[PDB]
>>> print(open('protein-v2.txt').read())   # compact mmCIF, C-alpha atoms
# COMPACT_ATOMS: atom_id res chain seq x y z
CA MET N 1 -14.63 -19.65 13.02
CA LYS N 2 -13.78 -15.94 13.21
CA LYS N 3 -13.44 -12.94 10.90
CA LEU N 4 -10.65 -10.35 10.89
CA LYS N 5 -9.11 -7.78 8.55
CA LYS N 6 -6.24 -5.27 8.61
CA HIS N 7 -8.18 -2.97 10.94
CA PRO N 8 -7.24 -4.34 14.41
CA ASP N 9 -3.63 -4.63 15.56
CA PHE N 10 -1.55 -2.23 13.48
CA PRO N 11 -4.14 -0.77 11.04
CA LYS N 12 -3.09 -0.24 7.42
CA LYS N 13 -5.65 2.14 5.95
CA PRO N 14 -3.29 4.55 4.10
CA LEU N 15 -1.73 3.66 0.76
CA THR N 16 1.81 2.51 -0.04
CA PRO N 17 4.43 4.40 -2.13
CA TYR N 18 4.04 1.73 -4.81
CA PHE N 19 0.27 2.22 -4.63
CA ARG N 20 0.35 6.00 -5.04
CA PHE N 21 2.80 5.28 -7.88
CA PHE N 22 0.99 2.37 -9.51
CA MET N 23 -2.62 3.42 -9.04
CA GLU N 24 -1.61 6.95 -10.07
CA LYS N 25 0.11 6.10 -13.36
CA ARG N 26 -1.92 2.92 -13.89
CA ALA N 27 -4.08 5.02 -16.17
CA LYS N 28 -0.95 5.49 -18.26
CA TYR N 29 -0.95 1.71 -18.78
CA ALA N 30 -4.69 1.17 -19.05
CA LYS N 31 -4.48 3.49 -22.03
CA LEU N 32 -1.25 2.04 -23.44
CA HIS N 33 -2.15 -1.64 -22.95
CA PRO N 34 -4.98 -2.11 -25.52
CA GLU N 35 -3.59 -5.48 -26.61
CA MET N 36 -2.94 -6.56 -23.03
CA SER N 37 -4.92 -6.81 -19.78
CA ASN N 38 -3.07 -5.42 -16.76
CA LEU N 39 -0.57 -8.13 -15.82
CA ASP N 40 1.82 -6.92 -18.51
CA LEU N 41 1.79 -3.33 -17.27
CA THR N 42 1.82 -4.42 -13.62
CA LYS N 43 5.12 -6.20 -14.27
CA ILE N 44 6.50 -2.97 -15.75
CA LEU N 45 5.72 -0.97 -12.61
CA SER N 46 7.29 -3.71 -10.49
CA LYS N 47 10.60 -3.33 -12.31
CA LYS N 48 10.75 0.47 -12.27
CA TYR N 49 9.56 0.97 -8.70
CA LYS N 50 12.28 -1.39 -7.45
CA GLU N 51 15.01 -0.12 -9.76
CA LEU N 52 14.44 3.25 -8.06
CA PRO N 53 17.57 4.27 -6.07
CA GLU N 54 15.31 5.10 -3.13
CA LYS N 55 16.14 8.70 -4.04
CA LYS N 56 12.57 9.39 -5.15
CA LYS N 57 10.92 6.78 -2.92
CA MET N 58 12.09 8.70 0.14
CA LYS N 59 9.39 11.12 -0.98
CA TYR N 60 6.69 8.50 -1.50
CA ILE N 61 7.53 6.59 1.67
CA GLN N 62 7.57 9.95 3.43
CA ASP N 63 4.05 10.38 2.10
CA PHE N 64 2.98 6.93 3.26
CA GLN N 65 4.58 7.37 6.68
CA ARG N 66 3.36 10.95 7.05
CA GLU N 67 -0.25 9.79 7.31
CA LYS N 68 0.30 6.30 8.72
CA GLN N 69 2.10 8.06 11.54
CA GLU N 70 -0.63 10.56 12.42
CA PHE N 71 -3.35 8.01 11.61
CA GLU N 72 -2.16 5.01 13.63
CA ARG N 73 -1.24 7.54 16.34
CA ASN N 74 -4.77 7.86 17.72
CA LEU N 75 -6.46 5.40 15.36
CA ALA N 76 -4.39 2.46 16.61
CA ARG N 77 -5.81 3.20 20.07
CA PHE N 78 -8.55 0.72 19.12
CA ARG N 79 -5.91 -2.02 18.85
CA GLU N 80 -6.59 -2.80 22.53
CA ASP N 81 -8.46 -5.84 21.19
CA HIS N 82 -6.00 -8.50 22.36
CA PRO N 83 -8.00 -11.56 21.17
CA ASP N 84 -7.35 -11.80 17.43
CA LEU N 85 -7.16 -15.28 15.90
CA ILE N 86 -5.41 -15.44 12.50
CA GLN N 87 -5.78 -11.89 11.16
CA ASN N 88 -6.34 -12.42 7.44
CA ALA N 89 -9.82 -12.39 5.89
CA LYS N 90 -8.78 -11.93 2.27
CA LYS N 91 -10.28 -15.19 1.02
>>> encode(input="protein-v2.txt", output="structure tokens")
Amino acid sequence: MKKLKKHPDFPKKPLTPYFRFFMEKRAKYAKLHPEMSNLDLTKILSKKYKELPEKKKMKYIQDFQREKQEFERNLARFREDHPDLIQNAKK
């Protein structure tokens, strides 16, 4: 009996290191997975991204936190909305 997304209470507009890594090279899989769909490639990016020694992620996460920090800084100001029943309207 109420709608709600990831806008109120800790907004998550920016992208994640895995996103800027997946969505960025996804093209590399959409072009190399002619006999597949996307689940096959997706699994591939889930193995590499994790395997990463956090040596390169520190850069990505620093890119995700760089904006999420300045964004949520003044953007989160709208989080004043205390009343928020079950925040999850993703079907």
>>> residues_around(input="protein-v2.txt", residues="residue N:71", least_positions_apart="3", cutoff="10 Å", atoms="only C-alpha atoms", output="mmCIF file with C-alpha atoms, in the coordinates of the input")
data_model
loop_
_atom_site.group_PDB
_atom_site.id
_atom_site.type_symbol
_atom_site.label_atom_id
_atom_site.label_comp_id
_atom_site.auth_asym_id
_atom_site.auth_seq_id
_atom_site.Cartn_x
_atom_site.Cartn_y
_atom_site.Cartn_z
ATOM 1 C CA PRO N 11 -4.140 -0.770 11.040
ATOM 2 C CA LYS N 12 -3.090 -0.240 7.420
ATOM 3 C CA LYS N 13 -5.650 2.140 5.950
ATOM 4 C CA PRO N 14 -3.290 4.550 4.100
ATOM 5 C CA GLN N 65 4.580 7.370 6.680
ATOM 6 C CA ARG N 66 3.360 10.950 7.050
ATOM 7 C CA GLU N 67 -0.250 9.790 7.310
ATOM 8 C CA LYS N 68 0.300 6.300 8.720
ATOM 9 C CA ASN N 74 -4.770 7.860 17.720
ATOM 10 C CA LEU N 75 -6.460 5.400 15.360
ATOM 11 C CA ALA N 76 -4.390 2.460 16.610
#
>>> closest_residue(input="protein-v2.txt", among="N:21, N:28, N:2, N:69", to="residue N:50", atoms="only C-alpha atoms")
N:21
>>> atom_distance(input="protein-v2.txt", atom1="atom CA of residue N:20", atom2="atom CA of residue N:88")
23.2 Å
>>> residues_near_point(input="protein-v2.txt", point="(6.1, -2.3, -10.6)", cutoff="12 Å", atoms="all atoms listed in the file", output="number ranges by chain")
N: 17-23, 25-26, 29, 38-52
>>> atom_distance(input="protein-v2.txt", atom1="atom CA of residue N:4", atom2="atom CA of residue N:84")
7.5 Å
>>> residues_around(input="protein-v2.txt", residues="residue N:87", least_positions_apart="5", cutoff="8 Å", atoms="only C-alpha atoms", output="tab-separated table (two decimals) with C-alpha atoms, keeping the file's coordinate frame")
chain	number	residue	atom	x	y	z
N	3	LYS	CA	-13.44	-12.94	10.90
N	4	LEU	CA	-10.65	-10.35	10.89
N	5	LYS	CA	-9.11	-7.78	8.55
N	6	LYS	CA	-6.24	-5.27	8.61
>>> atom_distance(input="protein-v2.txt", atom1="atom CA of residue N:89", atom2="atom CA of residue N:16")
19.8 Å
>>> closest_residue(input="protein-v2.txt", among="N:91, N:58, N:10, N:37", to="residue N:73", atoms="all atoms listed in the file")
N:10
>>> axis_aligned_box(input="protein-v2.txt", around="stretch 22-40 of chain N", padding_each_side="3 Å", output="lines of an AutoDock Vina configuration file")
center_x = -1.6
center_y = -0.6
center_z = -17.8
size_x = 12.8
size_y = 21.1
size_z = 23.6
>>> closest_residue(input="protein-v2.txt", among="N:35, N:81, N:15, N:8", to="residue N:60", atoms="all atoms listed in the file")
N:15
>>> build_atoms(input="protein-v2.txt", residues="stretch 54-68 of chain N", atoms="N, CA, C and O atoms", output="mmCIF file, in the frame of the given file")
data_model
loop_
_atom_site.group_PDB
_atom_site.id
_atom_site.type_symbol
_atom_site.label_atom_id
_atom_site.label_comp_id
_atom_site.auth_asym_id
_atom_site.auth_seq_id
_atom_site.Cartn_x
_atom_site.Cartn_y
_atom_site.Cartn_z
ATOM 1 N N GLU N 54 15.863 4.617 -4.399
ATOM 2 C CA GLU N 54 15.310 5.100 -3.130
ATOM 3 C C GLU N 54 15.494 6.605 -3.000
ATOM 4 O O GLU N 54 15.229 7.172 -1.941
ATOM 5 N N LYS N 55 15.941 7.258 -4.073
ATOM 6 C CA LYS N 55 16.140 8.700 -4.040
ATOM 7 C C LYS N 55 14.802 9.419 -4.171
ATOM 8 O O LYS N 55 14.597 10.486 -3.591
ATOM 9 N N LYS N 56 13.894 8.820 -4.935
ATOM 10 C CA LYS N 56 12.570 9.390 -5.150
ATOM 11 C C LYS N 56 11.544 8.744 -4.220
ATOM 12 O O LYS N 56 10.537 9.359 -3.866
ATOM 13 N N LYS N 57 11.813 7.504 -3.821
ATOM 14 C CA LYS N 57 10.920 6.780 -2.920
ATOM 15 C C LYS N 57 10.862 7.470 -1.575
ATOM 16 O O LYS N 57 9.800 7.563 -0.961
ATOM 17 N N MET N 58 12.009 7.981 -1.130
ATOM 18 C CA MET N 58 12.090 8.700 0.140
ATOM 19 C C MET N 58 10.943 9.699 0.242
ATOM 20 O O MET N 58 10.471 10.017 1.333
ATOM 21 N N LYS N 59 10.492 10.176 -0.917
ATOM 22 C CA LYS N 59 9.390 11.120 -0.980
ATOM 23 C C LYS N 59 8.064 10.389 -0.810
ATOM 24 O O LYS N 59 7.216 10.786 -0.012
ATOM 25 N N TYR N 60 7.902 9.305 -1.566
ATOM 26 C CA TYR N 60 6.690 8.500 -1.500
ATOM 27 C C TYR N 60 6.526 7.883 -0.120
ATOM 28 O O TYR N 60 5.473 8.009 0.504
ATOM 29 N N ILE N 61 7.575 7.216 0.358
ATOM 30 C CA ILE N 61 7.530 6.590 1.670
ATOM 31 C C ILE N 61 7.259 7.642 2.740
ATOM 32 O O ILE N 61 6.587 7.376 3.737
ATOM 33 N N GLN N 62 7.771 8.847 2.508
ATOM 34 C CA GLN N 62 7.570 9.950 3.430
ATOM 35 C C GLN N 62 6.116 10.397 3.374
ATOM 36 O O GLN N 62 5.610 11.032 4.297
ATOM 37 N N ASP N 63 5.447 10.040 2.279
ATOM 38 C CA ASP N 63 4.050 10.380 2.100
ATOM 39 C C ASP N 63 3.170 9.296 2.709
ATOM 40 O O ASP N 63 2.062 9.559 3.174
ATOM 41 N N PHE N 64 3.689 8.072 2.702
ATOM 42 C CA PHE N 64 2.980 6.930 3.260
ATOM 43 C C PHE N 64 3.135 6.900 4.777
ATOM 44 O O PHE N 64 2.226 6.488 5.497
ATOM 45 N N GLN N 65 4.296 7.340 5.251
ATOM 46 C CA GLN N 65 4.580 7.370 6.680
ATOM 47 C C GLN N 65 4.013 8.624 7.330
ATOM 48 O O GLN N 65 3.698 8.632 8.520
ATOM 49 N N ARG N 66 3.890 9.691 6.545
ATOM 50 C CA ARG N 66 3.360 10.950 7.050
ATOM 51 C C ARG N 66 1.950 10.785 7.593
ATOM 52 O O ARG N 66 1.610 11.339 8.638
ATOM 53 N N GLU N 67 1.126 10.021 6.881
ATOM 54 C CA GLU N 67 -0.250 9.790 7.310
ATOM 55 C C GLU N 67 -0.334 8.606 8.258
ATOM 56 O O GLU N 67 -0.964 8.691 9.310
ATOM 57 N N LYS N 68 0.304 7.499 7.886
ATOM 58 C CA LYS N 68 0.300 6.300 8.720
ATOM 59 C C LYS N 68 0.788 6.598 10.125
ATOM 60 O O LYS N 68 0.470 5.880 11.073
#
